[PDB]
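Novice: PDB entry and its sequence, pasted below:
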Amino acid sequence: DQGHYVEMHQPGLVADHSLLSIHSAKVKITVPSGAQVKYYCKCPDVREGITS
Amino acid sequence: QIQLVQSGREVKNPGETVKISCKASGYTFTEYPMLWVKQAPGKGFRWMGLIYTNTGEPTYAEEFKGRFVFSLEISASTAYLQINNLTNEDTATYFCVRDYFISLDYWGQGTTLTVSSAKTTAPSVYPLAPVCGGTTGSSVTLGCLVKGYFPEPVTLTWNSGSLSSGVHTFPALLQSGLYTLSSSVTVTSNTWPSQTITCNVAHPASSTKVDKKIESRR
């Protein structure tokens, strides 16, 4: 079937606070498989997040 | 591999400012920030804060927000501690440290500050040669007495530092308002007085440098 087609472009980001663990005093982010995790906190620290 | 080598120890009268450097070696400066820790004479170890060597943002421990200021000569892999309007109870040793592996993995040597009022007195450097008679063993101990200086620190080497094995340098101690230090060196009895042995002393605060060759008493 091809009689119509709808636009299906990317997802935006999504939340996953299962990532933000704790490094025994600091909040610790991780990554799925090397995916692109977009990161900073209300305080001043790493401001974009394109990381492991 | 990783070496954090710190500046030497200063003396400063109350009210002054000090900039303590920490020169980093072995790692990429930028991926590992710096911890500044104060080990106060009695009290034990205390975290003073951390500096993001990537962005440059410092965190201060609440005890340290104010007179303390972290900065970095990024370019030269140096982090620096500056303590302004020095209070007398800031005498202690400050360590830089690398934060890595969910903690701290390497510590520096320490830079000790002695906040203390006093003028500037150059040291007198005296050779210590063995007793006038005999002194016959398989080895021999010479010495060097660095007496009556202010403030700290002095540096002392033997033969420009080429003679380091068998050396005991004794921590400076305050006596009658002045510091006194001493050092011994032990060499085989064939070395001295056949070969020259020289005490090298520097007192940065007075721009004093003294080279004293140990001579036999007769």
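Specialist: Okay, I see it. Numbering: from 1, shown residues only, chains lettered A, B, ... in the order given.

Novice: Now do the same contact list for residue A:19.
Specialist: Each residue near residue A:19 by C-beta atoms under 8 Å, 6 or more residues apart in numbering or on different chains is listed here: A:29-31, A:37. All C-beta spots, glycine's among them, are computed from the backbone N, C-alpha and C.

Novice: Among these, which one lies nearest to residue B:206?
Specialist: Distance ranking of the contacts of residue A:19 against residue B:206, using C-beta to C-beta, places residue A:29 first at 53.6 Å.

Novice: ok, for that closest one, nearest residue in space, not its chain neighbours?
Specialist: residue A:19 (5.1 Å; C-beta to C-beta, 6 or more residues apart in numbering or on different chains).

Novice: same check, this time on residue B:164
Specialist: Closest residue to residue B:164 in three dimensions, ignoring its sequence neighbours and counting by C-beta to C-beta, 6+ apart: residue B:158, at 7.0 Å.

Novice: Pull up the gap between the residue of chain B found nearest chain A and residue A:46, please.
Specialist: When distances are taken as C-beta to the nearest C-beta, chain B reaches nearest to chain A at residue B:57, 4.9 Å away. Between residue B:57 and residue A:46 the distance, using C-beta to C-beta, to the nearest Å, works out to 10 Å.

Novice: Residue B:3 too?
Specialist: Counting by C-beta to C-beta, the gap between residue B:3 and residue A:46 amounts to 27 Å.

Novice: can you check residue B:83 too?
Specialist: Relative to residue A:46, and taking C-beta to C-beta, residue B:83 is found at 28 Å.

Novice: who has more neighbours, these two?
Specialist: residue B:83 (23 against 14; other C-beta atoms under 10 Å in any protein chain shown).

Novice: Near chain B, which residues of chain A are found?
Specialist: Counting by C-beta under 8 Å from any C-beta of the partner chain, the positions of chain A adjacent to chain B are A:23-24, A:44-47.

Novice: Put together a markdown table for those, with secondary structure on each row.
Specialist: Conversion of these to a markdown table gives the following (DSSP: H, G, I helix; E, B strand; the rest coil):
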| residue | secondary structure |
| --- | --- |
| A:23 | coil |
| A:24 | coil |
| A:44 | coil |
| A:45 | coil |
| A:46 | coil |
| A:47 | coil |
